[PDB]
Student: 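Let me begin by handing over the structure; questions about it come next.
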Number of protein chains: 4
Amino acid sequence: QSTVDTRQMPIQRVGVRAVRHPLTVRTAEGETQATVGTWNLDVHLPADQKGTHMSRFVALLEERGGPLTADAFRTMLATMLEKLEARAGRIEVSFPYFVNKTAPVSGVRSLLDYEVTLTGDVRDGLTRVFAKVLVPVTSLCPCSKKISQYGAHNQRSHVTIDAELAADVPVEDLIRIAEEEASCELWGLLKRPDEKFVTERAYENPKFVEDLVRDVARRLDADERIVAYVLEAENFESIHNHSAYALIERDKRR
Amino acid sequence: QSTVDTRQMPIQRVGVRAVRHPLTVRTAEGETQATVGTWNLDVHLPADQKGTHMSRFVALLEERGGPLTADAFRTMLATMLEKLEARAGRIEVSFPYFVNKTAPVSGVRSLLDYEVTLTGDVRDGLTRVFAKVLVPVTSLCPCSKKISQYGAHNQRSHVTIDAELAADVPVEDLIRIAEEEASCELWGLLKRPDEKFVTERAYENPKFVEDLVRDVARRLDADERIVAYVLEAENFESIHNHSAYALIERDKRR
Amino acid sequence: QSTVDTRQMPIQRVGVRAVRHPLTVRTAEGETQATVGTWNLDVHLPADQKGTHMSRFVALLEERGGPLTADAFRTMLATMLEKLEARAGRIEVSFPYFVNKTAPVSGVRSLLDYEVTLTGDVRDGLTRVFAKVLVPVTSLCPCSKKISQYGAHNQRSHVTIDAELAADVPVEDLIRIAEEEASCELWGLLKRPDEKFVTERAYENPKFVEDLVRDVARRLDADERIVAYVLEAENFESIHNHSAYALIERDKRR
Amino acid sequence: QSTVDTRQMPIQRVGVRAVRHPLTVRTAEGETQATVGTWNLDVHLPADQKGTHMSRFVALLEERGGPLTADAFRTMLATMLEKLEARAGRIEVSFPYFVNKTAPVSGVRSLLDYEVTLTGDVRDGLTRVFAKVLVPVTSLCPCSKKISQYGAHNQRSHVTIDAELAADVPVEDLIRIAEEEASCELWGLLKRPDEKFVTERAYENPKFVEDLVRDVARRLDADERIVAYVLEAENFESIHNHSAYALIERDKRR
Ligand SMILES: O=S([O-])[O-]
Ligand SMILES: O=S([O-])[O-]
Ligand SMILES: O=S([O-])[O-]
Ligand SMILES: O=S([O-])[O-]
Ligand SMILES: O=S([O-])[O-]
Ligand SMILES: O=S([O-])[O-]
Ligand SMILES: O=S([O-])[O-]
Ligand SMILES: O=S([O-])[O-]
Ligand SMILES: O=S([O-])[O-]
Ligand SMILES: O=S([O-])[O-]
Ligand code: NA
Ligand code: NA
Ligand code: NA
Ligand code: NA
């Protein structure tokens, strides 16, 4: 339980990685969605302690019950520190999140999948909560449209908003900013009139990666509920075998 | 070596998987191209033989020298069967492959990467060789262009040609067929005149995934060198979070 | 809607790939488990038809309701052929599947995740249903144990049973054969006495990949409910950076 | 070039991502090793500049020639900033790296593959260079061995050393530190005497993930060349479907 002097050094994170467990989450309409999560749970290990208890992190996942409300997630972080007899720990869980969506012209309903990561960290007595969402959208190239007699190259794009939250934000709030700022958002089901609509909206609203990151960042900068964010936009170029990438990091405290 | 009756059954494939190993390949331009390969080497195991020798498959990779050519690959398949004391075996290697390309208007030269898989199988008295290439290309939707006042949804597409070879075929020949049948091919480096060119040609040549596979299949059908093939085209839809997909399978001997 | 003569050729499969949709499944205890699936839905396209309707495949997923019982899956395949106006189609869905498990000595309960793929194909008037499960287990090397004064090298292994089913088989039935034939099965939560138990059981039951595939195959050969299977075992070697792979394919009809 | 006030904000990172390109690296043994790299090239964008030139980043890759050495990598970072007309930028390349290795007893020679990431960042008037290597090793559980009558659960482990360099360090030096501190290192080709050797040494040298990271950290702390580092060790538990994980982060300037 105690370290040799050559091993007398603290470990910032020690725990389980990639544990797959089912979870239930709460929508902005208060409804519960069943999803599967990949969990990472770790604690700080004091220089003197030889090792953590790995079994306890799995035990905590089995014990937990109910929707993963922002309140339960904070409770889980505190439960882990008590179960593991630790003073500092991180819990991270990623899962696919589905929003029912209405086609722009037809009104036909379809689910779209977003990748959501929720991270809680307790270090220096300070509890920090982060919500990260990957939103798939459509991007059209302004240069292609300007220099071409007809057509404009467009590609699927991923906008990743990772935000430290001062207060509760629904993920739908983060998804909405990316979808509104995108040349055009994505629907799973589109009838012919909808395809006409999204083809035309994207062309009318071309955006480089730089344009998209700046437009999304300005909206994030205005939401007080967000204290700090890392914003990434990746355009999977249709005319190339690589991607165009823009990153903006903001810490309002600083 | 020796099996119990309960374990007295032949194993069609036994050996090593995912062995990463450097390899040099003689190109159509006669350059020796150095690339990294993931190797799968396996042999049929007779009911009475309890196990193959795993170390020998790795030893063959270390022993082998010089550029990989169609003749060298066949020689390796025979060498392995002799080394492993086996009558039937399969060798599969997948590696990134690069072709220097010339931009359509400016003529600027850039590398484009393809995924090549070379597979040799000896079984039932027959030696079969297969060349599989994943070709990245551009696809433009004919419906989007027809129904829209402006624009046409376009996206990166992968054309996978998996061909059993009656006669040796350079990978470049398979890549060329896919690139020619695509709405537009892909270049790593495009100048603004090139960007204008590829935007326009894609628009002038819209193809559905069904149109793309059918056009590639017709070229494969006309090729005396290819006895049989499994052809796949996937369109990574810009307007959707999923892909459009088509597969044509054909055996000339049928 | 009709093909040019150069494009007058049938396409075996045309449809959507990698569509992520939530689904509910039924356990062998008849209970319902909520899981997320990646769906692939395609139909055969007659030479004359220019193209399928891609929107309909997504519409079918949105329309479907209730647990995905083996009876619903057959109904869905028929519904798709009618919705898409086709005569032949394939529906494939993969999802993580969780079984609550009891530790061997402590009796502590933990969930384990398996990858389950369910595939339905309707071609030549014939309906075929396939259930594929990836089961994670533990493998110990017989050679290492025999030649070493102490210790024996052991690694996580994946056993993949893909089976065409004459009649309904619960996935738990397929998982059980792999877990019983493995040097030792896997538990998410293990107390110290359980770790002693699984350390010792694995050592007492060493199995090469060949031994494991043959032991599992014999059990599959005995289950009439299975008409044909592809069995794969991969050992992720702890002493190497590659894997040991064994494959057995059986078609009882043949 | 020119921004609106709403888009008047700096972008910390803008450029190309996931560009695949061949590269040659001079090895510690002075051999020129040809490998395939995935490149990420980005530059800081000033608030007033509306966009970077994407084509130039690809042009630099095509233009660059000769083996990648520490000096050459620094020269490329400067070349890119001049080519892109930028004052701050990052270049990151990841490639498979092979070291010929000698078996512990038989002395047979086999290649072992590592994942190398070289990152150069110029920002805030400071140029920072980092070498990151993923080293595959073997880990044996000390608890399994102590509590069991026979055997000890062991598994492949990845040790990732991400080091900021005060002075140039060959990747081989980082790999050696991880291999020496591991229960046992990995060889591609092992003869039966070698198998006996590595089985026994691992058993005689059991390490927990906390023990492994602490031992590697002590070597890194003693190294004058490394100013700072993020050290990760992941044990892909044979007895579990998840991984044990530990991370130590250290900045000497702190
Ligand atoms: O590595 S664990 O068992 O503290
Ligand atoms: O499987 S989760 O990453 O969507
Ligand atoms: O997990 S996100 O907060 O980096
Ligand atoms: O799996 S055995 O034959 O090394
Ligand atoms: O191995 S490829 O030819 O399917
Ligand atoms: O729209 S489809 O038929 O490629
Ligand atoms: O995400 S499913 O493949 O487990
Ligand atoms: O999807 S399985 O049946 O090959
Ligand atoms: O090409 S743009 O994204 O500067
Ligand atoms: O880029 S690596 O040094 O984190
Ligand atoms: Na463009
Ligand atoms: Na379309
Ligand atoms: Na072994
Ligand atoms: Na253990």
Side-chain angles (χ1 to χ4, degrees), chain A residues 15-28 30 32-42 57-58 60-70 72-77 80 90-101 111-121 129-136 158-165 168-175 178-179 186 188 230 232, chain B residues 241-242, chain C residues 18-25 32-39 61 93-98 110-116 188, chain D residues 241-243 245:
Chain A
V16 292
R17 184 183 182 98
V19 178
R20 200 84 181 277
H21 211 262
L23 73 156
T24 60
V25 294
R26 279 216 190 273
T27 69
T32 299
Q33 176 175 159
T35 187
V36 178
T38 311
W39 303 71
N40 299 331
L41 297 93
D42 49 302
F57 298 100
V58 179
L60 187 81
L61 278 178
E62 303 297 343
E63 292 161 6
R64 71 166 296 272
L68 186 59
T69 72
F73 191 67
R74 274 187 148 89
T75 297
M76 190 176 186
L77 210 38
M80 180 181 68
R90 175 180 310 180
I91 299 177
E92 185 183 12
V93 56
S94 53
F95 49 96
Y97 187 78
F98 295 90
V99 167
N100 199 7
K101 293 194 63 173
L111 286 178
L112 188 67
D113 53 305
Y114 314 78
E115 187 64 15
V116 173
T117 302
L118 306 177
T119 301
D121 190 287
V129 177
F130 307 78
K132 185 172 59 173
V133 57
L134 180 164
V135 183
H158 285 177
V159 170
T160 296
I161 305 172
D162 178 8
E164 182 171 351
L165 306 181
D168 189 350
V169 182
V171 287
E172 292 92 337
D173 286 20
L174 304 176
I175 291 167
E179 290 187 336
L186 288 180
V230 166
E232 325 173 58
Chain B
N241 199 28
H242 63 260
Chain C
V19 178
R20 200 84 181 277
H21 211 262
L23 73 156
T24 60
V25 294
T32 299
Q33 176 175 159
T35 187
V36 178
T38 311
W39 303 71
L61 278 178
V93 56
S94 53
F95 49 96
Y97 187 78
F98 295 90
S110 64
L111 286 178
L112 188 67
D113 53 305
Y114 314 78
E115 187 64 15
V116 173
Chain D
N241 199 28
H242 63 260
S243 289
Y245 180 76

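In what follows, chains are A, B, ... by sequence order, proteins preceding strands, each numbered from 1. Only heavy atoms go into these numbers, but all of them, side chains included; no hydrogens, no water, no symmetry mates.
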Student: Indicate the atoms forming the closest heavy-atom contact of A/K101 with A/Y114, along with that distance.
Tutor: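 Reported closest heavy-atom pair: CD-OH, 3.6 Å.
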Student: If I take atom CG from residue A/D121 and atom CG from residue A/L77, how far apart are they, to the nearest 0.5 angstrom?
Tutor: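 Going from CG on A/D121 over to CG on A/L77, the span is 7.5 Å.
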Student: Under the side-chain contact (heavy atoms from CB on, under 4.5 Å) test against A/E115, which residue among A/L134, A/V133, A/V135 passes?
Tutor: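 Only one of A/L134, A/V133, A/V135 forms a side-chain contact (heavy atoms from CB on, under 4.5 Å) with A/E115, namely A/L134.
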Student: Minimum heavy-atom separation for A/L165 to A/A131, with atom names?
Tutor: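 Residues A/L165 and A/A131, closest heavy atoms: CD1-CB, 3.7 Å.
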Student: Do any N or O atoms from the side chain of A/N40 and from the backbone of A/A18 form a donor-acceptor pair under 3.5 angstrom?
Tutor: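 Yes; at least one donor-acceptor contact below 3.5 Å.
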Student: CD1/A/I91 to CG/A/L60 distance, rounded to the nearest 0.5 angstrom?
Tutor: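 Answer for the CD1-CG pair, A/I91 versus A/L60, is 6.0 Å.
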Student: Rounded to the nearest 0.5 Å, how far apart are CD of A/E62 and CZ of A/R64?
Tutor: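 That separation rounds to 10.5 Å.
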Student: Closest heavy-atom contact between A/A34 and C/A34?
Tutor: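 Minimum heavy-atom separation between A/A34 and C/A34: CB-CB, 3.4 Å.
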Student: For A/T117, which residues count as a side-chain contact (heavy atoms from CB on, under 4.5 Å) partner, sequence neighbours excluded?
Tutor: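 Result, side-chain contact (heavy atoms from CB on, under 4.5 Å) vs A/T117: A/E92, A/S94, A/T119, A/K132.
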Student: Supply the atom-to-atom distance A/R90 CZ to A/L41 CG, rounded to the nearest 0.5 angstrom.
Tutor: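 Separation between the atoms: 11.5 Å.
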Student: Do you know which two heavy atoms are closest between A/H21 and C/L111, and how far apart they sit?
Tutor: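 The pair with the smallest heavy-atom distance is NE2-CD1, 3.5 Å.
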Student: Tell me every residue that passes side-chain contact (heavy atoms from CB on, under 4.5 Å) with C/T35, counting only those two or more places apart in sequence or in another chain.
Tutor: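 Per chain and number, C/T35 pairs via side-chain contact (heavy atoms from CB on, under 4.5 Å) with A/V36, C/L23, C/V25, C/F95, C/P96.
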Student: Calculate, to the nearest 0.5 Å, the distance between atoms CG and CG belonging to A/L118 and A/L68 respectively.
Tutor: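 One finds 6.5 Å between CG of A/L118 and CG of A/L68.
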Student: Do you know which two heavy atoms are closest between D/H242 and A/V58, and how far apart they sit?
Tutor: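 Between these two residues, the closest heavy atoms are CE1-CG2, 3.8 Å.
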Student: Could you walk me through whether A/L112 and A/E179 pass the side chain to side chain contact (heavy atoms under 4.5 Å, CB included) check?
Tutor: CA-CA 12 Å; A/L112 188 67; A/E179 290 187 336; 3.9 Å; yes
Student: Any donor and acceptor pair, going by atom type alone, linking the side chain of A/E172 with main-chain N or O of A/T27 inside 3.5 Å?
Tutor: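 Such a contact is absent between A/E172 side chain and A/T27 backbone.
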Student: If you compare all heavy atoms of A/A70 against all heavy atoms of A/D168, which two are closest, and at what distance to 0.1 Å?
Tutor: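 Result for this residue pair: CB-OD2, 4.1 Å.
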